[PDB]
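Numbered from 1 within each chain, the chains take letters A, B, ... in sequence-line order. Atoms considered below: every heavy atom in the structure, side chains included; atoms not considered: hydrogens, waters and symmetry mates.
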Amino acid sequence: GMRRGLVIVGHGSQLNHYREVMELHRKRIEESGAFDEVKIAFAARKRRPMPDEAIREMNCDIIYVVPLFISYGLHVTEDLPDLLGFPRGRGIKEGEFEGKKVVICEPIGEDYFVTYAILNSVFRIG
Amino acid sequence: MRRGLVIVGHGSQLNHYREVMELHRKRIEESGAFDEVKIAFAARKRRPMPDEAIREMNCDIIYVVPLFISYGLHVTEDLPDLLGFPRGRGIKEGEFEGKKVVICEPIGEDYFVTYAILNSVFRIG
């Protein structure tokens, strides 16, 4: 099979906790072993690592870029594809960056799991 | 007891953001998990603010859920301000204008969020 990477793209600026949350999700997934490697990066602002950096340091065949976002706001339809020279707009976008294959996935917002995250904030199972 | 739920977000003048908030209300409304489901907004002045949403609900208890990834000011500051609730991290329950309210934690740390990420790749269903 092919070498599979994953980059979690966020943005919440200079907040201790926001990074800590992004980390928590990278840790959890890294420990799950669902992917050969897991990295975090950041869109819109300039803060580090930008996504071009995170991709560069990964030695995977295919890399899935996941926007940790609720909506298709500019961050997701504009900035992020700009920072990789990917087409702007809504939807899955797959192409190539510096001779690696990249897939920009949809933001998490609309996922049933998000619906359940809400419910579980009340129910608090586990 | 009569159980309400308020989904608090904020992503400003965006068609889609509201639409996503709506989707979740719609889904939960249709699930019948709650007696009533409303959306509202924190930090900015946009409508309905959460004091409004609560006021129109005739429930015994009301769960306020911040559709947020992090404990940013919106959640630790603005929202509990907008109902006269203590500032900071963590679940907060008290009363607003003689109804019991519970401010829940933001969704961000939830395992379901982790899985929302994975499912962005795997795309099951």
Partner set under salt bridge (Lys or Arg N to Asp or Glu O under 4.0 Å) for A:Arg19, not counting sequence neighbours
none
Could you pull out the closest heavy-atom pair between A:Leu80 and A:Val76, with the gap in Å?
CB-O, 4.5 Å
Between A:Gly10 and A:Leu68, which heavy-atom pair has the shortest distance, and what is it?
CA-CB, 4.4 Å
Going by an N to O cut-off under 4.0 Å, is there a salt bridge joining A:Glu23 and A:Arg26?
yes
Residue pair A:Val114 / B:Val113, side-chain heavy-atom distance below 4.5 Å
no
Applying side chain to side chain donor-acceptor pair (under 3.5 Å), can you list everything that pairs with B:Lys38, at least two apart in sequence or on another chain?
B:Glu36
Side chain to side chain donor-acceptor pair (under 3.5 Å) involving A:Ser32 - partner list, sequence neighbours excluded:
none
Do A:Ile29 and A:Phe35 have side-chain heavy atoms sitting under 4.5 Å apart?
yes
For the residue pair A:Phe42 and A:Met22, what are the closest heavy atoms and their distance?
CE2-SD, 3.6 Å
Could you state whether B:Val6 and B:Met1 fall into the same hydrophobic cluster, counting links through intermediate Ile, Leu, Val, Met, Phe, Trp or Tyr residues with side-chain heavy atoms under 4.5 angstrom apart?
no
Using the side chain to side chain contact (heavy atoms under 4.5 Å, CB included) rule, pick out the option among B:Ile39, B:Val101, B:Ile103, B:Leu82 that qualifies with B:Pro50.
B:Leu82
Check whether more than 12 heavy atoms from other residues, nucleotides or ligands sit under 6.0 Å from atom CD of A:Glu31, and answer yes or no.
yes
Quick check on the hydrophobic clustering: are B:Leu73 and A:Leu15 connected, directly or via other members, by side-chain heavy-atom contacts under 4.5 Å?
no
Run through A:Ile8, A:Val9, A:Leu6 and flag the one making a side chain to side chain contact (heavy atoms under 4.5 Å, CB included) with A:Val66.
A:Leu6
For residues 62-72 of chain B, which residue pairs pass the side chain to side chain donor-acceptor pair (under 3.5 Å) check, not counting sequence neighbours?
B:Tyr71-B:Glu105
Residue pairs meeting ring-ring contact (aromatic ring centres under 6.0 Å, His included), one or both in residues 104-126 of chain A, sequence neighbours left out, come to A:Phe113-B:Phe112, A:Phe113-B:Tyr115, A:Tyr116-B:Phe112
Determine whether a donor-acceptor pair (N or O, by modelled atom type, separation under 3.5 Å) exists between the side chain of B:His24 and the backbone of A:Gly109.
yes
Grab the two heavy atoms, one from A:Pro81 and one from A:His75, that are nearest each other, plus how far apart they are.
CD-O, 4.4 Å
Is it the case that more than 12 heavy atoms not belonging to A:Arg124 sit under 6.0 Å from its CZ atom?
no
Working to the nearest 0.5 angstrom, can you tell me the gap between B:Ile107 CD1 and A:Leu119 CG?
11.0 Å
So, using side chain to side chain donor-acceptor pair (under 3.5 Å) as the criterion, who are the partners of A:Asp36 when residues are at least two apart?
none
In terms of hydrophobic clustering (I, L, V, M, F, W, Y; side-chain heavy atoms under 4.5 Å; direct or indirect links), are A:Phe86 and A:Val65 co-clustered?
yes
Kindly give the heavy-atom pair with the smallest separation between A:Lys100 and A:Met58, and that separation in Å.
NZ-O, 2.7 Å
To the nearest 0.5 Å, tell me how far A:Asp111 CG sits from B:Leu23 CG.
10.5 Å
From NE2 (A:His11) to CZ (A:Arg45), nearest 0.5 Å:
5.5 Å
CZ (B:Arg55) and CD1 (B:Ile62) are apart, to the nearest 0.5 Å, by 11.0 Å
Residues two or more places apart in sequence or in another chain: which of them pass side chain to side chain donor-acceptor pair (under 3.5 Å) with A:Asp61?
none
Considering residues at least two apart in sequence or located in another chain, which fulfil the side chain to side chain contact (heavy atoms under 4.5 Å, CB included) criterion with A:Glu20?
A:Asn16, A:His17
Passes side chain to side chain donor-acceptor pair (under 3.5 Å), B:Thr76 versus B:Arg87? Steps please.
CA-CA 5 Å; B:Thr76 57; B:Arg87 297 177 153 175; over 6 Å; no
Here the gap from A:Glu98 atom CD to A:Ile55 atom CD1, rounded to the nearest 0.5 Å, amounts to 9.0 Å
Which atom names give the shortest non-hydrogen contact between A:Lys46 and A:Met50, and what distance separates them?
CG-SD, 3.3 Å
Say you draw a straight line from CG of B:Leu83 to CD of B:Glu95; how long is it, rounded to the nearest 0.5 Å?
13.0 Å
Is the side chain of A:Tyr18 donor-acceptor paired with the backbone N or O of A:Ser13 at a distance under 3.5 Å, no angle test?
no
Salt bridge (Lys or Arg N to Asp or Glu O under 4.0 Å) involving B:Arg89 - partner list, sequence neighbours excluded
none
As a test of understanding, state which of A:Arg4, A:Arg3, A:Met2 forms a side chain to side chain contact (heavy atoms under 4.5 Å, CB included) with A:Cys60.
A:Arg3
How would you list, by chain and number, every residue that makes a salt bridge (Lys or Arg N to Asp or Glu O under 4.0 Å) with B:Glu109, sequence neighbours excluded?
none
Sort and list the pairs that fulfil salt bridge (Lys or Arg N to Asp or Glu O under 4.0 Å) and have at least one residue in residues 61-79 of chain B, not counting sequence neighbours.
none
Residues in side chain to side chain contact (heavy atoms under 4.5 Å, CB included) contact with A:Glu94, at least two apart in sequence or another chain:
A:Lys101, A:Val103
